[PDB]
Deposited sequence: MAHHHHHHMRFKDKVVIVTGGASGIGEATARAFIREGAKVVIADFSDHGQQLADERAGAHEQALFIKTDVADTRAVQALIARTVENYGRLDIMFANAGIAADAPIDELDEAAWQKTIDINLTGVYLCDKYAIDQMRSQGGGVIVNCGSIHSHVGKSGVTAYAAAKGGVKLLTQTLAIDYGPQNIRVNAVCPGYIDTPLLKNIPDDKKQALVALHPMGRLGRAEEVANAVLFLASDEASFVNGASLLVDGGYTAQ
């Protein structure tokens, strides 16, 4: 149990990668707060809303006395090629997938600086690195997450805070032919599992990654290698 009594916030924690990661942190002894739009302690939070994010962190600290680890993972996938992507759809993805990471990072960092250290893992993507047809707002957001991660690592690295991104390929959580086409882009010959992303998050959040800072860890079966 590598996370005994560590206080962890997982955003987007009610499903998929977030749920697998919260479950893994609980298994390893952490005190976990799950934040999501809807249903470990659950706290409803719109990560695009600064007051809700501040309240999330404040409540966590009031309940447990500290915040050790933030996994800023909330995100939507609701996208289109640009000619079909309307402004409200673009903005919703930027709000949640990029601004939400800024907000969660900002208020986690304030708390961690007051403690003399902490660890952040941001949810990036293969699409922090490469684009794809129809993946317009999501790629833009995830590219921003990568760069945000890097600047934070530079500013807060010297202050005993590490900030890294996990960058998943496609995860099994659609038409058969659409699914086989996705599979064909991953050299390992299958999609990932959510627990496989969780495992990487726990590595980055742990002292096993004590000199890993500002890095993107691709969990993508080889997708970005080609």
> Tell me, which runs of residues in the deposited sequence have no coordinates at all?
Replying inline: 1-8, 48-62, 197-201
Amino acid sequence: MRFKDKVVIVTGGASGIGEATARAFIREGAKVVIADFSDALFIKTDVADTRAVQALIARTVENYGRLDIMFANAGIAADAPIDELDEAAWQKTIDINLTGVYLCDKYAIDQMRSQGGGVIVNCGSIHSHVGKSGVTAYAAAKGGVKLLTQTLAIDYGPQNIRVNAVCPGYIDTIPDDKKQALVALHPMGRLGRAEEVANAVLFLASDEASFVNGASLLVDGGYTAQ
From here on, numbers count along this sequence of modelled residues.
> Between 62-70 and 157-165, which has the higher average C-alpha B-factor in the PDB entry?
Replying inline: 62-70
>> I need to verify one thing: averaged over C-alpha atoms only, is the B-factor higher for 4-12 or for 217-225?
In response: 4-12
> Out of 82, 76, 104, 89, which residue has the highest Cα temperature factor in the PDB record?
Replying inline: 76
> Whose C-alpha has the highest temperature factor in the PDB entry: 53, 185, 200, 174?
Replying inline: 174
>> Quick check for you: using the entry's CA B-factors within this chain, is residue 205 in the lowest, middle or highest third?
In response: middle
> Ranked by Cα temperature factor within the chain, is residue 22 in the lowest third, the middle third or the highest third?
Replying inline: middle
